[PDB]
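Here's structure-v2.pdb, which has PDB, C-alpha atoms:
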ATOM      1  CA  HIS A   4      76.480 -16.437 124.326
ATOM      2  CA  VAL A   5      76.268 -20.175 124.922
ATOM      3  CA  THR A   6      78.471 -23.229 125.283
ATOM      4  CA  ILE A   7      77.281 -26.235 123.275
ATOM      5  CA  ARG A   8      78.303 -29.810 124.146
ATOM      6  CA  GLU A   9      77.013 -33.365 124.527
ATOM      7  CA  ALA A  10      74.800 -33.774 127.601
ATOM      8  CA  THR A  11      75.865 -35.780 130.666
ATOM      9  CA  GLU A  12      73.894 -37.297 133.564
ATOM     10  CA  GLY A  13      74.234 -33.995 135.388
ATOM     11  CA  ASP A  14      72.018 -32.279 132.792
ATOM     12  CA  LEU A  15      69.232 -34.862 132.865
ATOM     13  CA  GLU A  16      67.145 -33.161 135.545
ATOM     14  CA  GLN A  17      67.126 -29.864 133.649
ATOM     15  CA  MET A  18      66.501 -31.533 130.278
ATOM     16  CA  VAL A  19      63.439 -33.424 131.577
ATOM     17  CA  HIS A  20      62.120 -30.212 133.137
ATOM     18  CA  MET A  21      62.496 -28.412 129.768
ATOM     19  CA  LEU A  22      60.660 -31.247 128.000
ATOM     20  CA  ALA A  23      57.784 -31.193 130.504
ATOM     21  CA  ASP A  24      57.568 -27.398 130.322
ATOM     22  CA  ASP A  25      57.008 -27.456 126.553
ATOM     23  CA  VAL A  26      53.541 -26.384 125.398
ATOM     24  CA  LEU A  27      53.130 -29.799 123.749
ATOM     25  CA  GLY A  28      55.481 -31.927 125.837
ATOM     26  CA  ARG A  29      53.556 -30.844 128.916
ATOM     27  CA  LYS A  30      50.909 -33.344 127.804
ATOM     28  CA  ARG A  31      53.334 -36.199 127.116
ATOM     29  CA  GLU A  32      56.157 -35.867 129.643
ATOM     30  CA  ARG A  33      56.385 -36.572 133.362
ATOM     31  CA  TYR A  34      58.647 -34.270 135.329
ATOM     32  CA  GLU A  35      59.098 -35.123 138.993
ATOM     33  CA  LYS A  36      61.765 -35.698 141.644
ATOM     34  CA  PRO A  37      63.088 -38.308 141.682
ATOM     35  CA  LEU A  38      63.106 -38.484 137.874
ATOM     36  CA  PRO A  39      61.095 -41.344 136.294
ATOM     37  CA  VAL A  40      63.422 -44.255 135.513
ATOM     38  CA  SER A  41      62.089 -44.379 131.952
ATOM     39  CA  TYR A  42      64.091 -41.207 131.190
ATOM     40  CA  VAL A  43      67.155 -42.773 132.798
ATOM     41  CA  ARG A  44      66.933 -45.975 130.763
ATOM     42  CA  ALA A  45      66.592 -43.919 127.586
ATOM     43  CA  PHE A  46      69.538 -41.698 128.528
ATOM     44  CA  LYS A  47      71.763 -44.739 129.056
ATOM     45  CA  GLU A  48      70.793 -46.269 125.700
ATOM     46  CA  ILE A  49      71.489 -42.971 123.928
ATOM     47  CA  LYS A  50      74.815 -42.565 125.734
ATOM     48  CA  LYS A  51      76.156 -45.978 124.706
ATOM     49  CA  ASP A  52      75.310 -45.393 121.021
ATOM     50  CA  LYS A  53      77.927 -43.045 119.527
ATOM     51  CA  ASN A  54      75.602 -42.217 116.597
ATOM     52  CA  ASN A  55      72.759 -41.082 118.865
ATOM     53  CA  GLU A  56      73.420 -37.912 120.856
ATOM     54  CA  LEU A  57      71.805 -35.479 123.256
ATOM     55  CA  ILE A  58      73.161 -31.965 122.786
ATOM     56  CA  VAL A  59      72.693 -29.051 125.192
ATOM     57  CA  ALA A  60      73.242 -25.283 124.964
ATOM     58  CA  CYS A  61      74.595 -23.947 128.254
ATOM     59  CA  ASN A  62      74.799 -20.635 130.119
ATOM     60  CA  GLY A  63      77.290 -21.880 132.679
ATOM     61  CA  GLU A  64      75.489 -24.648 134.584
ATOM     62  CA  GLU A  65      72.110 -23.428 133.351
ATOM     63  CA  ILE A  66      70.831 -25.491 130.428
ATOM     64  CA  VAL A  67      69.114 -23.128 128.006
ATOM     65  CA  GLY A  68      68.535 -25.427 125.055
ATOM     66  CA  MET A  69      68.596 -29.052 123.949
ATOM     67  CA  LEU A  70      68.066 -31.405 121.018
ATOM     68  CA  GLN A  71      68.749 -34.996 120.067
ATOM     69  CA  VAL A  72      70.512 -35.898 116.845
ATOM     70  CA  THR A  73      70.860 -39.339 115.253
ATOM     71  CA  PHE A  74      73.268 -40.236 112.428
ATOM     72  CA  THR A  75      72.036 -43.164 110.337
ATOM     73  CA  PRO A  76      73.067 -44.930 107.092
ATOM     74  CA  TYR A  77      70.503 -45.465 104.314
ATOM     75  CA  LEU A  78      70.671 -46.955 100.801
ATOM     76  CA  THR A  79      68.981 -43.884  99.325
ATOM     77  CA  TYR A  80      70.903 -40.966  97.838
ATOM     78  CA  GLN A  81      73.572 -43.478  96.832
ATOM     79  CA  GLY A  82      74.082 -44.879 100.326
ATOM     80  CA  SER A  83      74.134 -41.514 102.097
ATOM     81  CA  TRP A  84      74.108 -41.157 105.865
ATOM     82  CA  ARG A  85      71.489 -38.724 107.196
ATOM     83  CA  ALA A  86      71.316 -36.806 110.455
ATOM     84  CA  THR A  87      67.858 -36.561 112.041
ATOM     85  CA  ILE A  88      67.284 -33.839 114.634
ATOM     86  CA  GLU A  89      64.516 -34.396 117.177
ATOM     87  CA  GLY A  90      62.910 -32.300 119.901
ATOM     88  CA  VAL A  91      64.762 -29.009 119.657
ATOM     89  CA  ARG A  92      63.773 -27.089 122.785
ATOM     90  CA  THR A  93      64.802 -23.648 124.045
ATOM     91  CA  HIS A  94      64.406 -22.454 127.660
ATOM     92  CA  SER A  95      61.016 -20.732 128.094
ATOM     93  CA  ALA A  96      62.756 -17.735 129.694
ATOM     94  CA  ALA A  97      65.256 -17.398 126.849
ATOM     95  CA  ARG A  98      63.134 -17.064 123.718
ATOM     96  CA  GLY A  99      64.268 -14.787 120.909
ATOM     97  CA  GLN A 100      67.931 -14.916 121.902
ATOM     98  CA  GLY A 101      69.183 -17.029 118.985
ATOM     99  CA  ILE A 102      69.841 -20.093 121.140
ATOM    100  CA  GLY A 103      67.783 -22.412 118.945
ATOM    101  CA  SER A 104      69.624 -21.266 115.826
ATOM    102  CA  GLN A 105      73.062 -21.768 117.403
ATOM    103  CA  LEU A 106      72.115 -25.224 118.670
ATOM    104  CA  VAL A 107      70.792 -26.401 115.294
ATOM    105  CA  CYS A 108      73.702 -24.863 113.365
ATOM    106  CA  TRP A 109      76.086 -26.683 115.724
ATOM    107  CA  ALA A 110      74.238 -29.955 115.113
ATOM    108  CA  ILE A 111      74.354 -29.375 111.349
ATOM    109  CA  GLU A 112      78.131 -28.900 111.404
ATOM    110  CA  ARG A 113      78.340 -32.036 113.526
ATOM    111  CA  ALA A 114      76.373 -33.908 110.840
ATOM    112  CA  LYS A 115      78.678 -32.674 108.062
ATOM    113  CA  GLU A 116      81.638 -33.818 110.178
ATOM    114  CA  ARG A 117      80.065 -37.287 110.412
ATOM    115  CA  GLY A 118      79.786 -37.438 106.633
ATOM    116  CA  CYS A 119      76.000 -36.997 106.420
ATOM    117  CA  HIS A 120      74.670 -35.705 103.108
ATOM    118  CA  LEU A 121      71.411 -34.343 104.461
ATOM    119  CA  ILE A 122      69.843 -33.323 107.729
ATOM    120  CA  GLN A 123      66.145 -33.744 108.489
ATOM    121  CA  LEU A 124      63.502 -33.328 111.164
ATOM    122  CA  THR A 125      59.743 -33.113 111.668
ATOM    123  CA  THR A 126      58.087 -30.221 113.481
ATOM    124  CA  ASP A 127      54.577 -30.270 114.911
ATOM    125  CA  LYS A 128      52.111 -28.315 112.785
ATOM    126  CA  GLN A 129      50.667 -26.932 116.026
ATOM    127  CA  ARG A 130      53.816 -24.861 116.562
ATOM    128  CA  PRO A 131      53.097 -21.779 114.402
ATOM    129  CA  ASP A 132      56.636 -20.347 114.417
ATOM    130  CA  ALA A 133      58.614 -23.579 114.026
ATOM    131  CA  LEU A 134      58.225 -23.894 110.253
ATOM    132  CA  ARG A 135      59.465 -20.319 109.792
ATOM    133  CA  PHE A 136      62.434 -20.946 112.112
ATOM    134  CA  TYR A 137      63.639 -23.882 110.022
ATOM    135  CA  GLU A 138      62.957 -22.315 106.627
ATOM    136  CA  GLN A 139      65.104 -19.391 107.769
ATOM    137  CA  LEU A 140      67.957 -21.874 108.337
ATOM    138  CA  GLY A 141      67.594 -23.224 104.817
ATOM    139  CA  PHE A 142      65.423 -26.267 105.461
ATOM    140  CA  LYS A 143      62.641 -27.063 102.997
ATOM    141  CA  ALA A 144      59.239 -28.406 104.106
ATOM    142  CA  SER A 145      59.216 -30.933 101.266
ATOM    143  CA  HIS A 146      57.620 -33.814 103.186
ATOM    144  CA  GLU A 147      54.584 -34.648 105.310
ATOM    145  CA  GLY A 148      55.543 -35.779 108.820
ATOM    146  CA  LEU A 149      53.393 -38.817 109.609
ATOM    147  CA  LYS A 150      53.080 -40.299 113.102
ATOM    148  CA  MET A 151      51.185 -43.241 114.625
ATOM    149  CA  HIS A 152      51.084 -43.678 118.399
ATOM    150  CA  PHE A 153      50.397 -47.093 119.908
TER     151      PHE A 153
ATOM    152  CA  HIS B   4      51.420 -63.573  97.043
ATOM    153  CA  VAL B   5      54.505 -62.140  98.729
ATOM    154  CA  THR B   6      56.631 -63.208 101.671
ATOM    155  CA  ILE B   7      58.349 -60.610 103.860
ATOM    156  CA  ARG B   8      61.836 -60.910 105.351
ATOM    157  CA  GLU B   9      64.986 -58.937 106.142
ATOM    158  CA  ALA B  10      67.072 -58.236 103.049
ATOM    159  CA  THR B  11      70.375 -59.980 102.357
ATOM    160  CA  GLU B  12      73.370 -59.008 100.213
ATOM    161  CA  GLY B  13      71.856 -60.910  97.309
ATOM    162  CA  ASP B  14      68.874 -58.546  97.228
ATOM    163  CA  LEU B  15      71.001 -55.385  96.973
ATOM    164  CA  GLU B  16      71.126 -55.237  93.182
ATOM    165  CA  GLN B  17      67.343 -55.387  92.908
ATOM    166  CA  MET B  18      66.855 -52.963  95.783
ATOM    167  CA  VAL B  19      69.075 -50.332  94.158
ATOM    168  CA  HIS B  20      67.334 -50.897  90.819
ATOM    169  CA  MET B  21      63.990 -50.214  92.552
ATOM    170  CA  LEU B  22      65.308 -47.019  94.120
ATOM    171  CA  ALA B  23      66.733 -45.881  90.753
ATOM    172  CA  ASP B  24      63.374 -46.552  89.083
ATOM    173  CA  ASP B  25      61.339 -44.542  91.611
ATOM    174  CA  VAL B  26      59.498 -41.533  90.185
ATOM    175  CA  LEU B  27      61.466 -39.259  92.510
ATOM    176  CA  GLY B  28      64.416 -41.459  93.447
ATOM    177  CA  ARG B  29      65.644 -41.796  89.873
ATOM    178  CA  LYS B  30      67.058 -38.258  90.132
ATOM    179  CA  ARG B  31      69.235 -39.062  93.169
ATOM    180  CA  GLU B  32      70.300 -42.655  92.501
ATOM    181  CA  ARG B  33      72.853 -44.381  90.260
ATOM    182  CA  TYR B  34      72.077 -47.967  89.250
ATOM    183  CA  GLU B  35      75.037 -49.680  87.568
ATOM    184  CA  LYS B  36      76.929 -52.970  87.287
ATOM    185  CA  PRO B  37      78.866 -53.334  89.462
ATOM    186  CA  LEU B  38      76.947 -51.212  91.983
ATOM    187  CA  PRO B  39      78.624 -47.975  93.105
ATOM    188  CA  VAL B  40      80.659 -48.775  96.216
ATOM    189  CA  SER B  41      78.621 -46.462  98.425
ATOM    190  CA  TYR B  42      75.539 -48.700  98.114
ATOM    191  CA  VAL B  43      77.549 -51.766  99.091
ATOM    192  CA  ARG B  44      79.170 -49.955 102.014
ATOM    193  CA  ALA B  45      75.773 -48.646 103.177
ATOM    194  CA  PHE B  46      74.140 -52.056 103.007
ATOM    195  CA  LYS B  47      76.910 -53.591 105.111
ATOM    196  CA  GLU B  48      76.639 -50.877 107.792
ATOM    197  CA  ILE B  49      72.853 -51.307 107.905
ATOM    198  CA  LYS B  50      72.958 -55.114 107.998
ATOM    199  CA  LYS B  51      75.475 -54.998 110.855
ATOM    200  CA  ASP B  52      73.343 -52.661 112.984
ATOM    201  CA  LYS B  53      70.539 -54.650 114.633
ATOM    202  CA  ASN B  54      68.382 -51.547 115.188
ATOM    203  CA  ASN B  55      68.585 -50.565 111.501
ATOM    204  CA  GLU B  56      66.760 -52.998 109.225
ATOM    205  CA  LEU B  57      66.229 -53.312 105.490
ATOM    206  CA  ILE B  58      63.017 -55.227 104.788
ATOM    207  CA  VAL B  59      61.956 -56.762 101.482
ATOM    208  CA  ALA B  60      58.687 -58.112 100.082
ATOM    209  CA  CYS B  61      59.413 -61.131  97.901
ATOM    210  CA  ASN B  62      57.713 -63.076  95.138
ATOM    211  CA  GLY B  63      60.178 -65.932  95.154
ATOM    212  CA  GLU B  64      63.664 -64.485  94.737
ATOM    213  CA  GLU B  65      62.242 -61.430  92.985
ATOM    214  CA  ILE B  66      62.081 -58.338  95.181
ATOM    215  CA  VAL B  67      58.688 -56.661  94.713
ATOM    216  CA  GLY B  68      58.793 -54.248  97.634
ATOM    217  CA  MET B  69      61.145 -52.712 100.181
ATOM    218  CA  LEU B  70      61.556 -50.353 103.119
ATOM    219  CA  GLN B  71      64.060 -49.506 105.812
ATOM    220  CA  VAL B  72      63.047 -49.201 109.445
ATOM    221  CA  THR B  73      65.114 -47.880 112.348
ATOM    222  CA  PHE B  74      64.456 -48.373 116.075
ATOM    223  CA  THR B  75      65.819 -45.521 118.166
ATOM    224  CA  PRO B  76      65.653 -44.469 121.845
ATOM    225  CA  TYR B  77      64.691 -40.863 122.661
ATOM    226  CA  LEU B  78      64.250 -38.790 125.839
ATOM    227  CA  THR B  79      60.859 -37.508 124.637
ATOM    228  CA  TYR B  80      57.622 -39.290 125.529
ATOM    229  CA  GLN B  81      59.174 -40.313 128.822
ATOM    230  CA  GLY B  82      62.094 -42.079 127.160
ATOM    231  CA  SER B  83      60.085 -43.806 124.441
ATOM    232  CA  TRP B  84      61.693 -45.741 121.608
ATOM    233  CA  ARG B  85      60.375 -44.905 118.143
ATOM    234  CA  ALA B  86      60.434 -46.779 114.853
ATOM    235  CA  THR B  87      61.077 -44.657 111.763
ATOM    236  CA  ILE B  88      60.130 -46.062 108.365
ATOM    237  CA  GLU B  89      62.020 -44.692 105.368
ATOM    238  CA  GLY B  90      61.656 -45.255 101.637
ATOM    239  CA  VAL B  91      58.763 -47.653 101.166
ATOM    240  CA  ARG B  92      59.014 -48.736  97.531
ATOM    241  CA  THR B  93      56.990 -51.194  95.421
ATOM    242  CA  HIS B  94      57.989 -52.749  92.088
ATOM    243  CA  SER B  95      56.450 -50.862  89.157
ATOM    244  CA  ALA B  96      55.038 -54.131  87.805
ATOM    245  CA  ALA B  97      53.468 -55.091  91.136
ATOM    246  CA  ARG B  98      51.529 -51.930  91.940
ATOM    247  CA  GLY B  99      48.102 -52.052  93.562
ATOM    248  CA  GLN B 100      48.537 -55.531  95.015
ATOM    249  CA  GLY B 101      48.645 -54.546  98.678
ATOM    250  CA  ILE B 102      52.414 -54.987  98.843
ATOM    251  CA  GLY B 103      53.072 -51.556 100.340
ATOM    252  CA  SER B 104      50.367 -52.083 102.942
ATOM    253  CA  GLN B 105      51.798 -55.496 103.826
ATOM    254  CA  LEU B 106      55.290 -54.076 104.220
ATOM    255  CA  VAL B 107      54.122 -51.212 106.450
ATOM    256  CA  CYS B 108      51.886 -53.424 108.596
ATOM    257  CA  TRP B 109      54.841 -55.773 108.982
ATOM    258  CA  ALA B 110      56.969 -52.827 110.134
ATOM    259  CA  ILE B 111      54.231 -51.669 112.507
ATOM    260  CA  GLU B 112      54.120 -55.073 114.208
ATOM    261  CA  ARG B 113      57.920 -55.131 114.304
ATOM    262  CA  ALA B 114      57.929 -51.751 116.081
ATOM    263  CA  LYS B 115      55.477 -53.026 118.693
ATOM    264  CA  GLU B 116      57.645 -56.122 119.164
ATOM    265  CA  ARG B 117      60.674 -53.882 119.745
ATOM    266  CA  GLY B 118      58.872 -51.965 122.467
ATOM    267  CA  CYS B 119      58.384 -48.796 120.431
ATOM    268  CA  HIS B 120      55.505 -46.550 121.483
ATOM    269  CA  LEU B 121      55.344 -44.696 118.175
ATOM    270  CA  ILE B 122      56.122 -45.303 114.491
ATOM    271  CA  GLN B 123      56.852 -42.431 112.098
ATOM    272  CA  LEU B 124      58.024 -41.489 108.603
ATOM    273  CA  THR B 125      58.139 -38.637 106.104
ATOM    274  CA  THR B 126      56.640 -38.860 102.610
ATOM    275  CA  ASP B 127      57.427 -36.436  99.800
ATOM    276  CA  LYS B 128      54.584 -33.983  99.147
ATOM    277  CA  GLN B 129      55.196 -34.707  95.441
ATOM    278  CA  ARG B 130      53.644 -38.175  95.894
ATOM    279  CA  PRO B 131      49.933 -37.197  95.698
ATOM    280  CA  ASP B 132      48.653 -40.631  96.750
ATOM    281  CA  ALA B 133      51.177 -41.332  99.516
ATOM    282  CA  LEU B 134      49.376 -39.185 102.080
ATOM    283  CA  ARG B 135      46.067 -41.023 101.642
ATOM    284  CA  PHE B 136      47.829 -44.405 101.677
ATOM    285  CA  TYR B 137      49.364 -43.833 105.105
ATOM    286  CA  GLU B 138      46.381 -42.018 106.634
ATOM    287  CA  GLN B 139      44.297 -45.092 105.832
ATOM    288  CA  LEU B 140      46.805 -47.267 107.686
ATOM    289  CA  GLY B 141      46.396 -45.119 110.796
ATOM    290  CA  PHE B 142      49.081 -42.469 110.332
ATOM    291  CA  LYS B 143      48.407 -38.810 110.996
ATOM    292  CA  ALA B 144      50.036 -35.939 109.101
ATOM    293  CA  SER B 145      50.717 -34.050 112.327
ATOM    294  CA  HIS B 146      54.169 -32.719 111.392
ATOM    295  CA  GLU B 147      56.005 -30.866 108.645
ATOM    296  CA  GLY B 148      58.823 -32.972 107.186
ATOM    297  CA  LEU B 149      61.830 -30.669 106.801
ATOM    298  CA  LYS B 150      64.954 -31.538 104.790
ATOM    299  CA  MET B 151      68.319 -29.886 104.024
ATOM    300  CA  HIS B 152      70.690 -31.416 101.447
ATOM    301  CA  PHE B 153      74.364 -30.519 101.692
TER     302      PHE B 153
END
Represent the supplied structure as structure tokens.
Amino acid sequence: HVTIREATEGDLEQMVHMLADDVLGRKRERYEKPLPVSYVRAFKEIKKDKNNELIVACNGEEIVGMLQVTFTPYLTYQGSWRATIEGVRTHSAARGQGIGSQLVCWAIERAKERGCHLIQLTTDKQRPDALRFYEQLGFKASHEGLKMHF
Amino acid sequence: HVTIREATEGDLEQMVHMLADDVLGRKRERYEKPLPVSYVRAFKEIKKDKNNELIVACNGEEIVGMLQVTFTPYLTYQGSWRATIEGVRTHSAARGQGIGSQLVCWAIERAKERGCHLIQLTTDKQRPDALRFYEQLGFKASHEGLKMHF
């Protein structure tokens, strides 16, 4: 049983820790106290944009899941807005408890509320169970997720 | 010989026609005169948002290529901004002239200018030559592109 809501500054420390604890994020993130200002600057930018949100699943004050969702207009699909979900993470000590599913389902309803006609995301091919998780929700792996790091 | 620039309202008609002529897009679009209101509304919302850009490749006033690119802040990658390219299209009568490559390279430089640390996009697996096209530009098919249409 979890409470799902938009994140606030008070959740930042736990969110960064979750990101750094990820099998893949561990190689890209930097968790430390005090928190790196780069995360703070990003949080502020996200906060001021109403169409860019950080969502957390909570067990009281304990953050057990997170994701970012962005609502954007496009000309395609007859000018349809799309919701893109990014970095869905579940607490490493809470796997298999349906937290990820609740968080994504919540985000999907949020997207419908915003008038989006489709929801999308890219999942790393190195995560064996991710594809299955999303297909179970009704997502289709119709596209190749291409990335280029500078 | 094409010039690249941000699209304006006057390019909308040709942009929608290009989308409606796409091998896959034809099924989801509706090109008509006057254009369905949703396209016009979408273009205005995009044009207004400085972090959401519609780019066109031009041969005079004639649109021969197009793409949309969005610059977004994320918590991941230590608060890194990312550029997401969506819907790179080239005129059917201007294929194999390096227009797509020019558009994408233009977007890549734009992302760097914006302070993005990564550029990404999803291409339909039904476009057999799209994967090679992007891999040759430096993109890696590291993720599965998942979609859900409502």
Point to revise | Counting all atoms listed in the file, chain B residues within 6 Å of chain A, as JSON, numbers by chain | key: {"B": [31, 32, 41, 42, 45, 76, 78, 80, 81, 82, 120, 121, 122, 123, 124, 125, 126, 127, 128, 142, 143, 144, 145, 146, 147, 148, 149, 150, 151, 152, 153]}
For the selection just defined, write its residues with C-alpha atoms to a file, as a compact mmCIF listing (two decimals), keeping the file's coordinate frame.
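result-v5.txt written:
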# COMPACT_ATOMS: atom_id res chain seq x y z
CA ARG B 31 69.24 -39.06 93.17
CA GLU B 32 70.30 -42.66 92.50
CA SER B 41 78.62 -46.46 98.42
CA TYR B 42 75.54 -48.70 98.11
CA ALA B 45 75.77 -48.65 103.18
CA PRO B 76 65.65 -44.47 121.84
CA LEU B 78 64.25 -38.79 125.84
CA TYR B 80 57.62 -39.29 125.53
CA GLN B 81 59.17 -40.31 128.82
CA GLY B 82 62.09 -42.08 127.16
CA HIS B 120 55.50 -46.55 121.48
CA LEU B 121 55.34 -44.70 118.18
CA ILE B 122 56.12 -45.30 114.49
CA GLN B 123 56.85 -42.43 112.10
CA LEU B 124 58.02 -41.49 108.60
CA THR B 125 58.14 -38.64 106.10
CA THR B 126 56.64 -38.86 102.61
CA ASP B 127 57.43 -36.44 99.80
CA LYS B 128 54.58 -33.98 99.15
CA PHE B 142 49.08 -42.47 110.33
CA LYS B 143 48.41 -38.81 111.00
CA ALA B 144 50.04 -35.94 109.10
CA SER B 145 50.72 -34.05 112.33
CA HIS B 146 54.17 -32.72 111.39
CA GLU B 147 56.00 -30.87 108.64
CA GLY B 148 58.82 -32.97 107.19
CA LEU B 149 61.83 -30.67 106.80
CA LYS B 150 64.95 -31.54 104.79
CA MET B 151 68.32 -29.89 104.02
CA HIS B 152 70.69 -31.42 101.45
CA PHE B 153 74.36 -30.52 101.69
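Among B:11, B:95, B:139, B:100, the residue with the shortest atom-to-atom distance to residue B:50, counting only C-alpha atoms, is B:11.
For the choices B:17, B:93, B:104, B:6, the atom-to-atom distance to residue B:63 is smallest for B:6 when using only C-alpha atoms.
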Point to revise | Distance in Å - atom CA of residue B:53 versus atom CA of residue A:13 | key: 29.5 Å
Check your understanding: Interatomic distance between atom CA of residue A:117 and atom CA of residue A:7?
Key -> 17.2 Å
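The interatomic distance for the pair atom CA of residue B:20 and atom CA of residue B:102 works out to 17.4 Å.
Using all atoms listed in the file, the shortest contact distance between residue A:132 and any of A:35, A:4, A:98, A:68 is found at A:98.
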Please, could N, CA, C and O atoms be added to stretch 40-53 of chain A and the result written as a PDB file, in the coordinates of the input?
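And here is the file that came out, out-v5.pdb:
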ATOM      1  N   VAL A  40      62.348 -43.423 136.042  1.00  0.00           N
ATOM      2  CA  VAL A  40      63.422 -44.255 135.513  1.00  0.00           C
ATOM      3  C   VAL A  40      63.389 -44.416 133.998  1.00  0.00           C
ATOM      4  O   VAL A  40      64.419 -44.682 133.379  1.00  0.00           O
ATOM      5  N   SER A  41      62.216 -44.252 133.401  1.00  0.00           N
ATOM      6  CA  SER A  41      62.089 -44.379 131.952  1.00  0.00           C
ATOM      7  C   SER A  41      63.029 -43.401 131.238  1.00  0.00           C
ATOM      8  O   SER A  41      63.599 -43.733 130.199  1.00  0.00           O
ATOM      9  N   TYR A  42      63.192 -42.200 131.790  1.00  0.00           N
ATOM     10  CA  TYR A  42      64.091 -41.207 131.190  1.00  0.00           C
ATOM     11  C   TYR A  42      65.533 -41.665 131.368  1.00  0.00           C
ATOM     12  O   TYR A  42      66.383 -41.455 130.498  1.00  0.00           O
ATOM     13  N   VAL A  43      65.811 -42.291 132.507  1.00  0.00           N
ATOM     14  CA  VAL A  43      67.155 -42.773 132.798  1.00  0.00           C
ATOM     15  C   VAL A  43      67.553 -43.906 131.864  1.00  0.00           C
ATOM     16  O   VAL A  43      68.668 -43.925 131.348  1.00  0.00           O
ATOM     17  N   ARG A  44      66.649 -44.858 131.657  1.00  0.00           N
ATOM     18  CA  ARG A  44      66.933 -45.975 130.763  1.00  0.00           C
ATOM     19  C   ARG A  44      67.197 -45.479 129.345  1.00  0.00           C
ATOM     20  O   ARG A  44      68.073 -45.991 128.649  1.00  0.00           O
ATOM     21  N   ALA A  45      66.428 -44.483 128.921  1.00  0.00           N
ATOM     22  CA  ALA A  45      66.592 -43.919 127.586  1.00  0.00           C
ATOM     23  C   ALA A  45      67.936 -43.202 127.491  1.00  0.00           C
ATOM     24  O   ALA A  45      68.656 -43.353 126.506  1.00  0.00           O
ATOM     25  N   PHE A  46      68.274 -42.426 128.520  1.00  0.00           N
ATOM     26  CA  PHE A  46      69.538 -41.698 128.528  1.00  0.00           C
ATOM     27  C   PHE A  46      70.716 -42.644 128.376  1.00  0.00           C
ATOM     28  O   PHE A  46      71.640 -42.372 127.610  1.00  0.00           O
ATOM     29  N   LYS A  47      70.688 -43.752 129.115  1.00  0.00           N
ATOM     30  CA  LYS A  47      71.763 -44.739 129.056  1.00  0.00           C
ATOM     31  C   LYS A  47      71.901 -45.362 127.667  1.00  0.00           C
ATOM     32  O   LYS A  47      73.015 -45.565 127.181  1.00  0.00           O
ATOM     33  N   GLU A  48      70.773 -45.673 127.036  1.00  0.00           N
ATOM     34  CA  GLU A  48      70.793 -46.269 125.700  1.00  0.00           C
ATOM     35  C   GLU A  48      71.389 -45.283 124.697  1.00  0.00           C
ATOM     36  O   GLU A  48      72.200 -45.656 123.850  1.00  0.00           O
ATOM     37  N   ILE A  49      70.991 -44.019 124.812  1.00  0.00           N
ATOM     38  CA  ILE A  49      71.489 -42.971 123.928  1.00  0.00           C
ATOM     39  C   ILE A  49      72.994 -42.791 124.133  1.00  0.00           C
ATOM     40  O   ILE A  49      73.765 -42.711 123.170  1.00  0.00           O
ATOM     41  N   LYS A  50      73.408 -42.752 125.395  1.00  0.00           N
ATOM     42  CA  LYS A  50      74.815 -42.565 125.734  1.00  0.00           C
ATOM     43  C   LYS A  50      75.732 -43.634 125.146  1.00  0.00           C
ATOM     44  O   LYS A  50      76.799 -43.316 124.628  1.00  0.00           O
ATOM     45  N   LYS A  51      75.322 -44.896 125.223  1.00  0.00           N
ATOM     46  CA  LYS A  51      76.156 -45.978 124.706  1.00  0.00           C
ATOM     47  C   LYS A  51      76.246 -46.034 123.178  1.00  0.00           C
ATOM     48  O   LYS A  51      77.164 -46.643 122.635  1.00  0.00           O
ATOM     49  N   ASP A  52      75.299 -45.407 122.487  1.00  0.00           N
ATOM     50  CA  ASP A  52      75.310 -45.393 121.021  1.00  0.00           C
ATOM     51  C   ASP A  52      75.987 -44.105 120.562  1.00  0.00           C
ATOM     52  O   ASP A  52      75.431 -43.017 120.733  1.00  0.00           O
ATOM     53  N   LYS A  53      77.186 -44.221 119.991  1.00  0.00           N
ATOM     54  CA  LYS A  53      77.927 -43.045 119.527  1.00  0.00           C
ATOM     55  C   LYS A  53      77.250 -42.249 118.401  1.00  0.00           C
ATOM     56  O   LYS A  53      77.579 -41.083 118.181  1.00  0.00           O
TER      57      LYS A  53
END
